[PDB]
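Note on naming: letters A, B, ... go to the chains in the order of the sequence lines (proteins, then strands), and numbering restarts at 1 for each one. We use all heavy atoms of the structure for the numbers below, so side chains are in, but hydrogens, waters and symmetry mates are not.
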Protein chains: 2
Amino acid sequence: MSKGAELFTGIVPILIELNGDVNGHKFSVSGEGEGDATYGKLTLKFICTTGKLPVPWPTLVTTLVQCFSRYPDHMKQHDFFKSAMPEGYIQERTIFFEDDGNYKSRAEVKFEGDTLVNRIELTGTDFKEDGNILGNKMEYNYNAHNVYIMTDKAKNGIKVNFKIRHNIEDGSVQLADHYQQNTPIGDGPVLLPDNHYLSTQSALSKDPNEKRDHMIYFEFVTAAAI
Amino acid sequence: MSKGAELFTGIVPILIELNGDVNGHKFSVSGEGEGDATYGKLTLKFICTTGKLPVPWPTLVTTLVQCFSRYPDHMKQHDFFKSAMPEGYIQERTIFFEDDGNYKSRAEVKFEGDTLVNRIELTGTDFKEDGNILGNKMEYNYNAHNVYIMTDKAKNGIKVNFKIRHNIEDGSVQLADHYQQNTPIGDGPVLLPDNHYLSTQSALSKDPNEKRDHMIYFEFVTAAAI
């Protein structure tokens, strides 16, 4: 039945499941929401299901479904992420926090029934006990970023690079350098893109009636040439 | 709390009208949408009614209703903006773009019937034709910022300061230094706040089916103690 970008023409439910271990602190996060790739929008709510998150919510934003990007008409032949569905893709990252520790993640993003599911394993290491991460000095907010994409022909996939700017409580900015690769899970045809980028913007919020450690997350993402 | 704050317990329709003249290039913008102060959320659509906008949409974001900020229960005594309603307030700014020109604006924000209305006059001068504003070199996106508020006792109102970070197409960032004053229109008592700030986050988007020059704008804002 439906395949590739066909799976994204309406509103699609989303489920995110993360198991993390950072500097030995183990934790899990579950998210649910929906995505609307026609407008490049999604909304998610995340709960730390193991109690208190041991790292700031903003550090996990990138780890916690780029298949919901709006690709303008002229760029449809360059949308790798939807082309891999429903069987999906593996997304692996290494993330370095400036003057501090690193995250390493591996995720499978694929359809399970009618839901787009992102299941992730993450390990963090080398963090300073009173750095911005373990010391909880990051502002609860997020900025706009460009996500650069190119074909990785040997893996029949893509390589992705960008840097996140995290606002720190003292008015400084800490960079988190991201290195990412995506490879299809299935063996069917996928679209291997010309070099381009995703213009990504987000906002983090809270439900003042929710008592659990949580994050309400809004994202707007559109692909663009160059 | 304040009497005016009770006007914001639901979803309030918004109308925005702006006339601008930047280096002699004149334009008007009309906006409509709704605000939800309980969650600190705004959604607005803006249309350049004079045709094509001669400056980047991002430069107009701050000019184009901080009465929609979520003030947590323990900070409701510091919400000047809602307290001045429904009579409203005058909001004046000067905005200095780094190594470039300045905007000056004067707005009246008040209720007209059921609708919160923001009507603004904006003048921009001294811009470089090859700078990021007149040369239209700003990316179509927006970042998170802290908006710092303090009482201006002599004016029975508040002074507000913040620096916006505008992402530029070459990867640089251009600051826009905002200086702002708000003064009640009405005679009623208003809340004069302790020093605090608004955590503000935004995202700019497009409706692919809208052919007029326009901006779909989403904002999330919550007051926080210093």
Exercise. With only heavy atoms counted, which part of A:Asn167 is less than 4.5 Å from chain B, the side chain, the backbone, both or neither?
Worked result: side chain

Problem set entry | Over 12 non-hydrogen atoms of neighbours within 6.0 angstrom of NZ in B:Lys128 | yes

For this session: With a 4.5 angstrom heavy-atom cut-off, could you sort out which part of A:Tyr140 is near chain B: side chain, backbone, both or neither?
Result: backbone

Exercise. Using non-hydrogen atoms only, which part of A:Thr200 is less than 4.5 Å away from chain B: side chain, backbone, both, or neither?
Worked result: neither

For this session: Tell me whether the centres of the aromatic rings in B:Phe218 and A:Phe220 are closer together than 6.0 Å.
Result: yes

Seminar exercise, completed: Tightest non-hydrogen contact, residues B:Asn146 and A:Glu139, listed as ND2-OE2, 2.8 Å

For this session: Inspect the surroundings of NZ in A:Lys211 and state if more than 12 heavy atoms from other residues, nucleotides or ligands are less than 6.0 Å away.
Result: no

Exercise. Nearest 0.5 Å, what's the OG1-CG distance between A:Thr38 and B:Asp207?
Worked result: 11.0 Å

Exercise. With only heavy atoms counted, which part of A:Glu219 is less than 4.5 Å from chain B, the side chain, the backbone, both or neither?
Worked result: neither

For this session: Pick one of side chain, backbone, both or neither for A:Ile226, based on which atoms fall under 4.5 Å of a heavy atom in chain B.
Result: neither

For this session: Would you indicate whether B:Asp114, at its atom CG, is surrounded by more than 12 heavy atoms from other residues, nucleotides or ligands within a distance under 6.0 Å?
Result: no

Problem set entry | Contacting region of B:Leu204 [heavy-atom separation from chain A under 4.5 Å] | both

Exercise. If contact means a heavy atom pair closer than 4.5 Å, which residues of residues 69-80 of chain B contact chain A?
Worked result: B:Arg70

Seminar exercise, completed: Whatever's closer than 4.5 Å to a heavy atom in chain B on A:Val173 counts as side chain

Exercise. So with a 6.0 Å cut-off around NZ of A:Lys3, is the heavy-atom count from everything else above 12?
Worked result: no

For this session: Decide if atom OH of A:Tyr148 counts as having more than 12 heavy atoms of other residues, nucleotides or ligands within a radius under 6.0 Å.
Result: yes

Problem set entry | A:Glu32, CD atom: more than 12 neighbouring heavy atoms under 6.0 Å | no

Exercise. Closest heavy-atom contact between A:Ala144 and B:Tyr142?
Worked result: CB-O, 3.3 Å

For this session: Find the distance between NZ (B:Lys206) and OG1 (A:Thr222) and round it off to the nearest 0.5 Å.
Result: 10.0 Å

